[PDB]
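Engineer: Line order of the protein sequences matches chains B and A.
Take the first sequence: its letters are residues 208 to 437, 450 to 457, 460 to 494, 529 to 543, numbered as in the entry's author numbering.
Take the second sequence: its letters are residues 210 to 442, 449 to 494, 528 to 542, numbered as in the entry's author numbering.
We put the beta carbon where it would ideally sit given N, CA and C, even for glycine.
Got a structure here, written out as structure tokens. Questions coming.
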Amino acid sequence: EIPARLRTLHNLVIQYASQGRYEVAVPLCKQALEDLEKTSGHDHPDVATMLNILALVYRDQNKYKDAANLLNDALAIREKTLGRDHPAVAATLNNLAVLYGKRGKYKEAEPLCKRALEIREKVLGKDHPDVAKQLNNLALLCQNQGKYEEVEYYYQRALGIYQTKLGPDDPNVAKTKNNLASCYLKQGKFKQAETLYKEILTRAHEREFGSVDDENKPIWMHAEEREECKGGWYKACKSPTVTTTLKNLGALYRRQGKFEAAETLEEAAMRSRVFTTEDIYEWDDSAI
Amino acid sequence: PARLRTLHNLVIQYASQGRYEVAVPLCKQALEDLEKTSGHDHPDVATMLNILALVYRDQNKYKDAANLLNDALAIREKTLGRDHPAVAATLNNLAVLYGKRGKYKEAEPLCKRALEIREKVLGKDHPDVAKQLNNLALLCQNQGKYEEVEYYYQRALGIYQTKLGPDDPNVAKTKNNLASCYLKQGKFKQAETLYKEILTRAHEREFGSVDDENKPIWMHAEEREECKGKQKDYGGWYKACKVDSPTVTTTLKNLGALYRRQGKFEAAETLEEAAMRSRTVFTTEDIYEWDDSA
């Protein structure tokens, strides 16, 4: 009847972790690990799953060091039980890379992210949107090492996959363009970053109001006009990425001394809820 | 004057960044200097009042936000007329502010006036009228007027489904709001049905038609439950961001809670596992729509 106990413990861990009640989930999770090791030993895929669940919880508590320890343990187990090149191994590698990345340990993060990419290319193909998502994380790790030539290549590759496979109007496209614009900002390539921000806002405008003409322009065209002369409530639902684009383009206008252009974009940012450059790593949820 | 231009510029700069400790004082300074220069009850004064109200709203200073919007409403009524879109936005936002403070008796007439204005300008079957009906439904829900609440949601749901797609985000949100109303009344089976409609439609949109090999999570969940004895013991990572909608996470959690209440613990585990990867106690948070046009 120990397996019945484990069934109930797993059920409770999931229940209380879904509710964000970590004061309950963490102890029950540790209890499940203790009881699993007695039955199935340490080198069983279910032990690696429970380790991933505890790592997720620690990640939300910003206990990145502790989360990393559990995922290191889980990676070793999964390699030995499921094979290297198993999708569960790619997810663990990605999440370890992000954990190291959050701690600024980029030298240690890069090889893990690269191995995850190898696995995803082998299983899904080199032109799969999940490969584009992994390239974003790799690009971010390389960006913090100053490897800008590599960073630009990975983003351009990812951007190509997304635009061919998914719409030009896909959220992954705007997010990737933002990440690339941040890379350009760190290099002092302000005009290249400005172009990406404008592409994002122009496309968002065309999606809601159709073609651009003299009578129907995007916010940034109104902004630049303003500088030279110193029933759509339901459509609100159709992005945090857009507010970051507005803020960053606003900052670029301010740096050029175009304060009226900046005011127009920043006013739009206020209504839609020092460049806003936060490294945003994608987490693989399929580690389970 | 140049001083006002610079003050307005800074208020906007620091409010964009969420730096309210700077924006509020500069905003008050701009209002002081604006009233000296230009007449009070000028539309520019109403705009600066709206900006300060926005800031106070994010600081949960609902009473103070309401004072500024009452002042702004008076100015806009007198300058733009009682049936102007900007007046409808201010009325809606006042109603939400009163609503957040639990003053629902005071909120309902303001929300109703906004609805009247939107119906008059846009027509009785316009999606903006459906959005206003959601807010009215929520104010009535907290007064316990469930008969009115169900009618307004059903009306809104009809507008959205006829005018926009059945796949529109407004449809899933409205179905959730109605399910919450059913949960408060103890109408658990009606709420279960709406949650399933939401997840079935969300599944069809992202993974295509339903068959034996391709089912929504709730069908996998109910299978798992019937096959407790029988149970023996693929990369859509890109889909997560789009299909990891907050309304979908709420539906997973709430349907999971409903399964747990029926004693179907394996069904609940399936939906709650999905909710973890997306991110009797239920998630029933009042979500008022704010009119940003104001």
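#1: How far does the alpha helix (DSSP H) with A542/A in it extend, from its first residue to its last?
#2: Of all the residues that make up the segment 224 to 237 of chain B, which are near chain A by a beta-carbon distance shorter than 9 Å?
#3: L408/A CB to nearest chain D CB: under 8 Å?
#4: Classify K384/A as helix, strand or coil using the three-state DSSP reduction.
#5: Please go through the same chain and pick out, in chain order, the residues whose beta-carbon is closer than 6 Å to the beta-carbon of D280/B, but skip the five residues on each side of it.
#6: Taking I221/B as the query, report the chain A residues whose CB atoms sit under 8 Å from its CB, ordered along the chain.
#7: Can you pull the chain A residues whose beta carbon is under 7 Å from the beta carbon of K272/B, in chain order?
#8: How big is the Cα-Cα spacing for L331/B and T383/B?
#9: Taking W427/B as part of the alpha helix (DSSP H), name the residues at either end of that continuous run.
#10: Tell me which residue opens and which closes the alpha helix (DSSP H) that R492/A is part of.
#11: Any beta carbon from chain B within less than 8 Å of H293/A's own beta carbon?
#12: Leaving out the 5 sequence neighbours to the left and right, which residues in its chain are closer than 7 Å to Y362/A when beta-carbon positions are compared?
#13: For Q350/A, which residues in the same chain have their Cβ closer than 6 Å to its Cβ, ignoring the five residues on either side in sequence?
#14: Three-state secondary structure (DSSP) at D377/A?
#15: Quick one: Cα of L261/A to Cα of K237/A, how far?
#16: How would you call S225/A, buried or exposed, if buried means at least 16 neighbouring beta carbons within 10 angstroms?
#17: In whole angstroms, give me the CA-to-CA distance for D267/A and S460/A.
#18: Would you say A455/B reaches chain A, if we count a Cβ-Cβ gap shorter than 8 Å as a contact?
#19: Rounded to the nearest angstrom, what separates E533/A and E422/A at their Cα positions?
#20: First and last residue of the alpha helix (DSSP H) that includes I326/A?
#21: Counting C-beta neighbours from all protein chains within 10 Å, is the total for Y449/A 16 or more, i.e. buried, or is it exposed?
#22: Using a beta-carbon distance below 8 Å, is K439/A in contact with chain B?
#23: From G308/A to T299/A, what does the alpha carbon distance come to, in whole angstroms?
#24: Taking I426/A as the reference, which of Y404/A, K457/A and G227/A has the closest Cα?
#25: Considering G471/B, what are the terminal residues of the alpha helix (DSSP H) in which it resides?
#26: Can the beta-carbon of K314/B be found closer than 8 Å to that of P336/B?
#27: So does the segment 275 to 293 of chain B actually touch the segment 245 to 256 of chain B, counting three or more Cβ pairs closer than 8 Å?
#28: Determine, using beta carbons only, whether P425/B comes closer than 8 Å to chain A.
#29: Is the separation between the beta-carbon of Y369/A and that of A339/A shorter than 8 Å?
#30: For the segment 375 to 386 of chain A, enumerate the residues whose C-beta is nearer than 7 Å to any C-beta of chain B, in chain order.
#31: So for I260/A, helix, strand or coil by DSSP?
#32: Looking only at its own chain, which residues have a Cβ that is under 6 Å from the Cβ of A430/A, when we skip the five neighbours before and after it?
#33: In terms of residue numbering, what span does the alpha helix (DSSP H) encompassing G308/B cover?
#34: Which value, in whole angstroms, describes the spacing of the CA atoms of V463/B and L303/B?
#35: Quick check: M491/B and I221/A, are their CB atoms within less than 8 Å of each other?
Structural biologist: In brief:
#1: In the second sequence, the residue the question calls residue 542/A occupies position 294. Element bounds for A542/A: n/a, residue is neither H nor E.
#2: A224, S225, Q226 and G227
#3: Absent here is chain D; the protein component of the structure consists of chains B and A.
#4: Within the second sequence, residue 384/A is the residue found at index 175, counting from 1. Correct three-state label for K384/A: helix.
#5: Working through the first sequence from its first residue, we reach residue 280/B at position 73. So the list reads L258, once near-sequence residues are dropped.
#6: If you number the first sequence from 1, residue 221/B lands on position 14. Correct list: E484, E487, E488 and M491.
#7: Within the first sequence, the letter at position 65 stands for residue 272/B. The contacting residues do not exist; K272/B stays about 22 Å from chain A at best.
#8: In the first sequence, residue 331/B corresponds to position 124, counting from 1. In the first sequence, residue 383/B corresponds to position 176, counting from 1. Straight-line Cα distance between these residues: approximately 20 Å.
#9: Along the first sequence, one-based indexing puts residue 427/B at 220. From DSSP, the alpha helix (DSSP H) with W427/B extends over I426 to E435.
#10: The residue labelled residue 492/A in the question sits at position 277 within the second sequence. Taken as a continuous stretch (DSSP letters only), the alpha helix (DSSP H) holding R492/A covers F480 to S493.
#11: Working through the second sequence from its first residue, we reach residue 293/A at position 84. With 8 Å as the cut-off, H293/A does not count as an interface residue toward chain B.
#12: In the second sequence, residue 362/A corresponds to position 153, counting from 1. Excluding residues within five positions, the ones whose Cβ falls inside 7 Å are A346, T383, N386, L387 and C390.
#13: Residue mapping note: residue 350/A aligns to position 141 of the second sequence, counting from 1. Answer for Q350/A: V358 and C390, listed in chain order.
#14: The sequence position of residue 377/A within the second sequence is 168, counting from 1. Looking at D377/A - three-state DSSP - the assignment turns out to be coil, as it is neither helix nor strand.
#15: Here residue 261/A refers to the residue found at position 52 of the second sequence. Here residue 237/A refers to the residue found at position 28 of the second sequence. Distance between the alpha carbons of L261/A and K237/A: 8 Å.
#16: As a first step, residue 225/A must be located in the second sequence, where it is residue number 16. So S225/A counts as buried.
#17: Here residue 267/A refers to the residue found at position 58 of the second sequence. Here residue 460/A refers to the residue found at position 245 of the second sequence. Cα to Cα, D267/A sits roughly 23 Å from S460/A.
#18: By 1-based counting over the first sequence, the position of residue 455/B is 236. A455/B counts as touching chain A.
#19: Walking along the second sequence from the start, residue 533/A turns up at place 285. Walking along the second sequence from the start, residue 422/A turns up at place 213. Going by the C-alpha atoms only, they are around 35 Å apart.
#20: Position 117 of the second sequence, counted from the start, is the residue given in the question as residue 326/A. Here the alpha helix (DSSP H) through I326/A covers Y313 to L331.
#21: Here residue 449/A refers to the residue found at position 234 when the second sequence is read from its first residue. Classification of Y449/A: exposed, given that the 10 Å Cβ count is below 16.
#22: On the second sequence, position 230 is the one that residue 439/A refers to. Closer than 8 Å: no.
#23: Sequence index remark: in the second sequence, residue 308/A carries index 99 (1-based). Sequence index remark: in the second sequence, residue 299/A carries index 90 (1-based). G308/A and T299/A: Cα-Cα distance of roughly 14 Å.
#24: Reading the second sequence from its first residue, position 217 is the one you call residue 426/A. Of the candidates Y404/A, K457/A and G227/A, the one whose C-alpha sits nearest the C-alpha of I426/A is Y404/A.
#25: Start at 1 with the first residue of the first sequence, and residue 471/B comes out as number 250. Unbroken alpha helix (DSSP H) run through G471/B: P461 to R476.
#26: Your numbering for residue 314/B matches position 107 in the first sequence. Your numbering for residue 336/B matches position 129 in the first sequence. Not in contact: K314/B and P336/B (Cβ atoms no closer than 8 Å).
#27: yes
#28: Sequence index remark: in the first sequence, residue 425/B carries index 218 (1-based). It does not: the Cβ of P425/B has no partner Cβ on chain A nearer than 8 Å.
#29: Stepping through the second sequence from its first residue, residue 369/A is reached at position 160. Stepping through the second sequence from its first residue, residue 339/A is reached at position 130. Cβ atoms of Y369/A and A339/A: closer than 8 Å.
#30: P378 and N379
#31: Position 51 of the second sequence holds residue 260/A. Note: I260/A maps to helix in three-state DSSP.
#32: Reading the second sequence from its first residue, position 221 is the one you call residue 430/A. Cβ within range, chain order: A482, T485 and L486.
#33: Within the first sequence, residue 308/B is the residue found at index 101, counting from 1. First-last of the alpha helix (DSSP H) with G308/B: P294 to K309.
#34: One-based indexing of the first sequence puts residue 463/B at position 242. One-based indexing of the first sequence puts residue 303/B at position 96. If I take the Cα positions, the gap works out to 29 Å.
#35: For the purposes of this step, residue 491/B is identified with residue 270 of the first sequence, where counting begins at 1. For the purposes of this step, residue 221/A is identified with residue 12 of the second sequence, where counting begins at 1. A contact, by the Cβ cut-off of 8 Å.
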